[PDB]
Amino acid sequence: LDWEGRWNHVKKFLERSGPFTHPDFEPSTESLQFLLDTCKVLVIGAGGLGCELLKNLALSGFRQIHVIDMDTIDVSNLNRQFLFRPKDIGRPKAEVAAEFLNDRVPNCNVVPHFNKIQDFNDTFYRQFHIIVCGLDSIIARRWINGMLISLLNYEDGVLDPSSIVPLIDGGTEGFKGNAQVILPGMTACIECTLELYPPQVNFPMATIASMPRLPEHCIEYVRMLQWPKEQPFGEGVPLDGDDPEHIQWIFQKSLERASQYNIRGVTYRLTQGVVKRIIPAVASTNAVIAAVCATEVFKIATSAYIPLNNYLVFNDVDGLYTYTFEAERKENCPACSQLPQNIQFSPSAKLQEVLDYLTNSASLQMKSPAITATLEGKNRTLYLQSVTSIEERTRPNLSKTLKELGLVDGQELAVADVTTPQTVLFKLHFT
């Protein structure tokens, strides 16, 4: 039970009518109890935003919460992931976090899930009412975006609203952060705005081991080449970023490479940063995004106010700045599109020039797609790329053509990728 006054800071918004209230709103004195009991919410990620989100959700009237995180507690976490003490190092974040939370907040029912978000399938996600992110890789944001979309049920052309699972996403990176609110098949998805991301600084292979002019070049080498060419800890043994010894060996073999081309600037911290692609992080920014996102989860579950139309960006560096706007949902979008994609392509063109279209077009950017079609009344894998075995069995067909493999325009094209759980469909068009 709840002690006197425990939720007054919430009841104001559920028991009272308001001008800025969402239209479906209904002031009631039973709302809070209902929220507390039935509203199931899934929190993806439990570090930085994850910790902050669980606290925020718990104190906002949420009780039925699950958290998925495949990570282990580390020392560096401790400066911004307040649910972990040093005693808890080594344990699984997801576990320690529900532990702490369930303890600090009286009757919380935080359920931990120690695993990759990819071990679960629609069956599992279909059960939540709102899902909140706090991932730290773009791919995961991508993956869980498709998953939520695949759950969309179209009642013959028309969408069935009761199958839309709201997805709030957070992102942090130094004194900068942002949050989005997604309504699968209604609002812009993660794909629809995949371009708002920055470019990835890919050191040109040449300079890395030829024209090194920066301390990073004199590390990217000692990692991308010299280590493989001299297994320091037995052949086949991988470079373990979290191992203070491989860093030392890399830092050491970095000083030497730096010294060779007289490039000052090599240091342990810089070496640790290159080898692990570290992103400077403070607790402050995470408290902010996680705060915004929680307020949306609250809004979305209660109808106390109108949920953020699309996007929020935040910057702490020079004063305080935020910009909110309504990102557009692309009607062409590989993900969102309730229908296939029309691809202009002369039946003369080769495969590679259609594979790389998926691999290189900045609007659809996949890491390793694998197309397939229906040819002799049976689905043949034109090209798959996952298991080394099939790539070679299909690698030859990457020279053929559309009239070459039996591809007559008008037929769909199932494309699968690591990026998303669903199978993206297209429509061939010969020009």
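In this text, residue numbers run from 1 along the sequence as written.
*Asks:* Between 358 to 366 and 394 to 402, which has the larger average Cα B-factor in the PDB entry?
*Replies:* The stretch with the larger mean CA B-factor is 394 to 402.
*Asks:* Taking the mean of the C-alpha B-factors per stretch from the entry, tell me the winner out of 4 to 12 and 420 to 428.
*Replies:* Stretch with the higher mean C-alpha B-factor: 420 to 428.
*Asks:* In the PDB entry, which of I144, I208, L78, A94 has its C-alpha at the highest B-factor?
*Replies:* Among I144, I208, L78, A94, the highest C-alpha B-factor in the entry belongs to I208.
*Asks:* Sorting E245, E191, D318, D71 by Cα temperature factor from the record, which one lands on top?
*Replies:* Largest recorded C-alpha B-factor: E245.
*Asks:* Place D122 in the lowest, middle or highest third of its chain's C-alpha B-factors, as listed in the PDB entry.
*Replies:* Its C-alpha B-factor, which the entry lists for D122, ranks in the middle third among residues of this chain.
*Asks:* Grab the CA temperature factor for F62 from the record and place it in the lowest, middle or highest third of its chain.
*Replies:* CA B-factor rank for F62: lowest third.
*Asks:* Hey, what third does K116 fall into on Cα B-factor, ranked over its chain?
*Replies:* For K116, the deposited C-alpha B-factor lands in the lowest third.
*Asks:* Determine, from the deposited record, the chain-internal third of the Cα B-factor for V292: lowest, middle or highest.
*Replies:* According to the entry, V292 has a C-alpha B-factor in the chain's lowest third.
*Asks:* Give the position of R104 by CA B-factor within its chain, expressed as the lowest, middle or highest third.
*Replies:* As the PDB entry reports it, the C-alpha B-factor of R104 lands in the lowest third of its chain.
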